[PDB]
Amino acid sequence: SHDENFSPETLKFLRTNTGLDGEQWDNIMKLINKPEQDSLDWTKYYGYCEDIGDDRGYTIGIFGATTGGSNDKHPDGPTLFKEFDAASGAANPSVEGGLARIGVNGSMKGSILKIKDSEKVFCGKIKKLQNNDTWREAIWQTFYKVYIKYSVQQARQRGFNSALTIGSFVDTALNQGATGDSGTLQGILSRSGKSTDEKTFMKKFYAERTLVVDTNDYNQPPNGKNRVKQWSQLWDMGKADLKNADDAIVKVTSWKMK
């Protein structure tokens, strides 16, 4: 059952704030997970925690939140722990409160979360949260603040409300950044023109994304090209709503990752 992949509070939150239901979000996450982990099984990443050696600290959860380092001085990991404190009922949510609730030895060192626990101890503490609804809720609240809200706003200001447009935008924001430089979702949108027809606008969007998706280590070629093709192909398969789309999603994700 796809909704076992959320929590009731996450489903209500995503419905109110995105217009999409659990099937639609489950499908978006399968499509995002293919190029990130070479699997449609995104749910098993709620408790994911690894330092992959990219000088971003620890990479956590379903959307690769990071604790921070020399190549990630504005991490969203602290926001995730503060959102976990908030979800846990904290009167004055803080990073330190969220860490305190799971007994993590760490502190903010400026913009960076410095973990004093060993990799083994820290990763084990996060793994224990795999089935914790409070953690799942903090994960989605963080995902929303950093990537999804902007993605939904950009779709909605154009009169685009489809699951496939929102997921296309969220994948771009997650992979390439929401706002800032020319390669971000913001940047791609700025070059995607002014078509008021959703399918037409998105065809141009995919083409403009594809020009940069294998640059700047967003993806390794030709994985970024295949990543964008996933989203573009679902239009002619009639899956704008990402409902009853399980076979279509298996088909468009069947590419081999280099």
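Note that residue numbering begins at 1 and tracks the sequence as displayed.
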Report summary line: Assert higher mean C-alpha B factor (105-113 or 91-99, deposited values) equals 105-113
**Report entry** 66-74 or 223-231, whichever carries the higher mean Cα B-factor
**Finding:** 66-74
Requested in this report: Choose from 59, 39, 27, 210 the residue with the greatest Cα B-factor as stated in the PDB record.
Outcome: 39
Query raised in the report: Of 181, 133, 83, 171, which one's C-alpha B factor is largest in the deposited record?
Result: 181
Query - Within-chain third of residue 204 by Cα B-factor, per the entry - result: lowest
Query raised in the report: Of the three thirds of its chain by CA temperature factor, lowest, middle or highest, which one includes residue 247?
Result: highest
Report summary line: On the chain's distribution of Cα B-factors, residue 149 falls within the third called lowest
Query raised in the report: Against its chain's modelled residues, does residue 79's Cα B factor rank lowest, middle or highest third?
Result: middle
Report summary line: Entry-reported C-alpha B-factor of residue 186 relative to its chain, by third, is middle
